[PDB]
Structure formats: structure tokens, C-alpha cells
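Following: one structure in C-alpha cells, then a few remarks.
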Amino acid sequence: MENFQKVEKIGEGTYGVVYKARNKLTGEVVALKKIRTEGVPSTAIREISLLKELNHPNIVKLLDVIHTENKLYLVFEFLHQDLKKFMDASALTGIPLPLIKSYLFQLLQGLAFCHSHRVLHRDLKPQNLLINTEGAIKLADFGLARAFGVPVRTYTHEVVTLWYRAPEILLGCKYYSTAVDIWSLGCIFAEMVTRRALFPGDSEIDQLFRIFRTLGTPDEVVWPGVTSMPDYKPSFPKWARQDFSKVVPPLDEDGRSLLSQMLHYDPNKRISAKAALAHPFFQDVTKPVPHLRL
Ligand SMILES: CCC[C@@H]1CCc2[nH]nc(C(=O)NN)c2C1
């Protein structure tokens, strides 16, 4: 880009480098993502361009999409910190429950919105949840997975995390439903509460087996059709399901109930974002402000 003074390199995304930049004309500060190449499928460009109309307060705004000289630039609204960095910074004391609740509530609203427009994220993780000083949290990179797919390694060869991946994806499902995002958010909810990743898998089978060890090896009883999935193996070990009281202490029964519904094995049974917003857990939701040192 020629009309963008690039303040700094913010990070490295799944698809490309991210810079903090200042638009010389509007003076606005944005997050500029630079992506890759055999001409780049125009099918992706159309899909991505449609995201410019997917506007919501809990969705990072996509300001522009520019395809030029073998590169694809995505211009996004800028937020000062991501949830991964905030959780690390809050590791010693933990994120207060009221803020955890507020963040989950807002993330579900963002999901409810995109899902109602038939757009899935598919690769939700702390790294793409951005926060500001106002107490808001927004989902970034929504819709990019439908356009580019989720690779095994990023453009820098970094391993794309499997920690938040729904079991139906790990088992080979061809079609992803909105339920995949609810699963990822549930894993993130648990991580905020316990200050440790729920299922820190370091391979696809380790990821699947960690899920099984906590939630029990799935069977036709809890997940009709699971034994017919592409990568299901009758030889998977059979682990017993653990009590959520042991999984996310010391979260209260309302939060444990909601998390259990977000982590149902059967995608068709997993709670929707819309239904989750009405869960008793959010009865006393508020909008606290985090302490951010920028
Ligand atoms: C998930 C990585 C891509 C995001 C796109 C939107 C976005 N907005 N701000 C940032 C940022 O990193 N600020 N420190 C990002 C990064």
C-alpha cells in the first residue's frame, strides 16, 4: 500500500502479516493484513468482499479489500490488544468473573449475528478475539476460513492451533455447521475461567483424545452417526466422562451448565449462540471495564 504509513508490525496471522497503519487521507488508524500464488482464486475475493457488509459491534469491521499485484490486503478496524495477550497478562490474578461473563455474552452476540447471516468463523481462538478499553470484545477474521480454508501451518510455518477445534472437524466432517464456533467459544470460556487451555492438543489425535478423556469417548448414544464419521476408528480408547465440577473449578452451576451445552458432542444438539444468550448464566451480566496498560 502506498497511502498507508505503517506504524508497526502488530503480528503474524494465519494468512499474512498484520501491520498497524495510518490512512493518510482519513487519518484513521487501522490493522492492515497483507496476504499472498497462482493468481489467487477470485472466488475468495468475492466471498471476502461480501464480508464488508457483515457489520456488528462485536465483529471487527472489515473496512476494505484490495487485490493488487499478487497480494490481497484486508483493511480492518484497529483494537489495541487480543484476548490471548490479556489472559497471559491476567494469569497471576485471573480475569474477574463479571468480565469473563461480559466477554462471553458479547462474543455470543457476535456469533448470533454472523450465524443468522449464514457466516461461520471456523477458527476462533483467543488470538483473534480483540478487546478495547471500553470493555468491548470483538471477533476478528470471521469468514476468512470459508475463503482460504484453515491450513496446517501459517504463512510463517507456525502450527495453527488445534486447541479450539470441534470434534466433528477432527473426525472428518465435510460440512461445518455454526456449532463449530460454539465449541471453540466454549473452550475459550473454560480457558478464561481456569487460566489454562481446556484441550491443549499437539496433534490431531492428541487433540481428539484430550477431548475424549474429559468428555468421554463419544458413542452413538450421545452422538448419533459418530461411528460413521470419516476418521472415526472403533479402536479409539474408551474413556469415561469427567464431572464439570472438576473441569472448570470454581465456576458456578449456571456457568457449568452453559459450558456443558456449548460442548455437547452432537453438533445438532450443541446450544446455539441465540439460545446461549438467554441462558440463566447471563441473568446478572454487566459490562465491566478491564484494566488495560497500552
Ligand atoms: C487475528 C489477527 C488479525 C486481526 C485483524 C483485526 C485487528 N485489529 N486490530 C488488530 C491487532 O492485532 N491490534 N493489536 C487486529 C489483528
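Ordered as shown in the C-alpha cells, chains take letters A, B, and onward, while each chain numbers its residues from 1 and ligands are numbered from 1 in the order shown.
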
Original post:
Neighbours of residue 245 of chain A within 12 Å (only C-alpha atoms; same-chain residues fewer than 4 positions away dropped), as a PyMOL selection string?
Top reply: chain A and resi 190+194+214+241+249-257+259-260

For the residues in that selection, give me C-alpha atoms as a compact mmCIF listing (two decimals), in the first residue's frame.
# COMPACT_ATOMS: atom_id res chain seq x y z
CA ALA A 190 -13.20 -22.52 30.07
CA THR A 194 -9.29 -21.71 34.71
CA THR A 214 -12.55 -35.18 29.66
CA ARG A 241 -16.72 -38.62 31.12
CA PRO A 249 -13.50 -25.07 39.06
CA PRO A 250 -14.60 -22.99 40.60
CA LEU A 251 -17.20 -21.81 38.02
CA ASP A 252 -20.77 -21.82 39.40
CA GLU A 253 -23.55 -24.17 38.31
CA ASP A 254 -25.04 -21.70 35.79
CA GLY A 255 -21.70 -21.34 34.04
CA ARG A 256 -21.03 -25.08 34.21
CA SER A 257 -24.46 -25.74 32.70
CA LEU A 259 -20.41 -24.68 29.16
CA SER A 260 -21.75 -28.23 29.07

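For residue 83 of chain A, the list of residues within 6 Å, based on only C-alpha atoms and with local chain neighbours fewer than 4 positions off taken out, reads residues 87, 126, 129 and 130 of chain A.
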
File of the preceding selection, C-alpha atoms, as a compact mmCIF listing (two decimals), in the first residue's frame:
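Done, and the output landed in out-v2.txt:
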# COMPACT_ATOMS: atom_id res chain seq x y z
CA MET A 87 -5.24 -13.70 29.51
CA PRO A 126 -8.01 -16.14 21.82
CA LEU A 129 -10.65 -12.01 19.82
CA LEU A 130 -9.78 -8.34 20.24

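Considering the residues A:111, A:275, A:104, A:294 and counting only C-alpha atoms and all ligand atoms, ligand 1 has its shortest atom-to-atom contact with A:294.
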
Given 8 Å and only C-alpha atoms and all ligand atoms, residues near ligand 1 as an mmCIF file with C-alpha atoms, in the first residue's frame:
data_model
loop_
_atom_site.group_PDB
_atom_site.id
_atom_site.type_symbol
_atom_site.label_atom_id
_atom_site.label_comp_id
_atom_site.auth_asym_id
_atom_site.auth_seq_id
_atom_site.Cartn_x
_atom_site.Cartn_y
_atom_site.Cartn_z
ATOM 1 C CA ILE A 10 1.388 -5.971 15.040
ATOM 2 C CA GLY A 11 1.643 -9.695 14.442
ATOM 3 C CA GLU A 12 1.537 -12.649 12.088
ATOM 4 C CA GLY A 13 -1.843 -14.032 11.184
ATOM 5 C CA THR A 14 -2.837 -17.353 9.667
ATOM 6 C CA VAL A 18 -0.576 -7.676 10.157
ATOM 7 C CA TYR A 19 0.589 -4.067 10.410
ATOM 8 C CA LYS A 20 -0.757 -1.153 12.396
ATOM 9 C CA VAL A 30 -6.242 0.567 11.006
ATOM 10 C CA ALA A 31 -4.912 -3.011 11.188
ATOM 11 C CA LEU A 32 -3.655 -3.837 7.697
ATOM 12 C CA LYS A 33 -3.332 -7.503 6.803
ATOM 13 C CA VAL A 60 -14.057 -6.391 13.899
ATOM 14 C CA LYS A 61 -15.050 -4.158 10.989
ATOM 15 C CA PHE A 76 -9.586 -3.778 9.448
ATOM 16 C CA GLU A 77 -10.617 -1.622 12.345
ATOM 17 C CA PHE A 78 -7.830 -1.455 14.910
ATOM 18 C CA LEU A 79 -8.166 -2.664 18.518
ATOM 19 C CA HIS A 80 -5.325 -2.402 20.979
ATOM 20 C CA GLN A 81 -4.995 -5.933 22.384
ATOM 21 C CA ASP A 82 -6.062 -9.531 21.783
ATOM 22 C CA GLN A 127 -5.581 -14.666 19.278
ATOM 23 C CA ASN A 128 -8.444 -13.435 17.072
ATOM 24 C CA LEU A 129 -10.651 -12.009 19.817
ATOM 25 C CA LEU A 130 -9.775 -8.341 20.242
ATOM 26 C CA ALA A 140 -11.634 -10.912 14.032
ATOM 27 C CA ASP A 141 -11.061 -12.942 10.821
#

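Among A:292, A:197, A:277, A:54, the residue with the shortest atom-to-atom distance to residue 115 of chain A, counting only C-alpha atoms, is A:54.
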
Original post:
Between A:35, A:222, A:44, A:208, which is the closest to residue 269 of chain A once you count only C-alpha atoms?
Top reply: A:222

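For the atom pair formed by atom CA of residue 143 of chain A and atom CA of residue 121 of chain A, the distance is 5.2 Å, given to one decimal.
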
**OP:** Write down as a PyMOL selection string the residues belonging to segment 9-114 of chain A that are assigned helix (DSSP H, G or I) by DSSP computed on the backbone.
**Re:** chain A and resi 42-53+83-89+97-114

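When only C-alpha atoms are used to measure the gap to residue 163 of chain A, the shortest distance among A:189, A:199, A:183, A:175 belongs to A:199.
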
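Each of A:132, A:156, A:109, A:161 was checked against residue 16 of chain A using only C-alpha atoms; the smallest atom-to-atom distance is that of A:156.
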
Subject >> Contacts of residue 239 of chain A within 7 Å, only C-alpha atoms, excl. fewer than 6 positions in-chain, as a PyMOL selection string >> reply: chain A and resi 212-213+216-217

**OP:** With a distance cut-off of 10 Å and only C-alpha atoms, select the neighbouring residues of residue 91 of chain A, excluding the residue or stretch itself and same-chain residues fewer than 6 positions from it, and output the selection as a PyMOL selection string.
**Re:** chain A and resi 85+192+194-196
